[PDB]
Structures are given as structure tokens and as C-alpha cells.
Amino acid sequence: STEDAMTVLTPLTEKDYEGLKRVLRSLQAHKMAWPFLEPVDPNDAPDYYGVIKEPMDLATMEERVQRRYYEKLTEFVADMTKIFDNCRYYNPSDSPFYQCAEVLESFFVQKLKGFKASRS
């Protein structure tokens, strides 16, 4: 669609980056974001970094947003998706972390759709 191709191809502008920061800030304020605010502490999960190839967290994405690391929205969505995919890969489905990933990913999808709608 218009938004799917924009998402893949349209370079992110400074104006886009205001929208990206708003989305990230709203995730960081969400009640269910607590497991994802900061990198996974190895002492919470001793085998985590031997298993998870590309860790991700909201503080690392905040740094990348500040530095204009992302050229396309697809790259931003991929980093965010890693947070939730890593969590569901490593944890059982009845884990509170896994449940937080399900709730926060649905919230991110709601916010991401709003952001894509306003790029016009």
C-alpha cells in the first residue's frame, strides 16, 4: 500500500523523528514496559546473552533515535520488534516478561499505525 511502500522506502526526516520520539516515549511510560526499559541484566538470566543474538531494549533505541541512526522506518520497526521477539524466544508463554511483550507490542502497533498515518 501507500504506507507499506513509504515504510520501506521513504527516508526519515527530522519531522519524522519527532514522531519516532513520541512513540518511544509513550512505550517507556507504559505500565508493561518495565522489563524492556534497560538492557537485560545478565544476573536476571544467566544464559541470555549466550542465546540471544541481537539483544535490544528501549534505552538502546532511545540512543539510536537521538543519533538519527535509522534511515528508514523499517529499520526502527525491526529494532523494536527484536525487543518483543527476543523476549518471546527466550521466555515461556506464561512468563510475566512474555506477557509484557504481547501487551506492549500491541500498543506499539497501535502507535506505529498512528505515526504512519501522519507522515502524510
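Sequential numbering from 1, following the sequence displayed. Heads up, when I say rigid core I mean the largest set of C-alphas that superpose within 1.5 Å between the two forms.
Worksheet item: Do you reckon 43-51 or 65-73 strays further from the shown form in 8 other deposited structures of this protein, measuring C-alpha RMS after a core fit?
Response: Stretch with the higher C-alpha RMS distance in 8 other deposited structures of this protein: 43-51.
Practice prompt. Could you check the entry and say whether 46-54 or 68-76 has the higher mean CA B-factor?
Written response: Of 68-76 and 46-54, the stretch with the higher C-alpha B-factor average is 46-54.
Worksheet entry | Given 5-13 and 106-114, the range whose Cα B-factors average higher in the PDB entry | Averaged over C-alpha atoms, the B-factors run higher in 5-13.
Item to complete: Could you say which of 62, 38, 85, 94 has its CA atom at the highest B factor, as listed in the PDB entry?
Response: In the PDB entry, the greatest C-alpha B-factor among 62, 38, 85, 94 is found at 94.
Discussion item. Based on the deposited C-alpha B factors for this chain, I'd like to know if residue 24 is in the lowest, middle or highest third.
Written reply: Ranked within chain, residue 24 CA B lands in the highest tercile.
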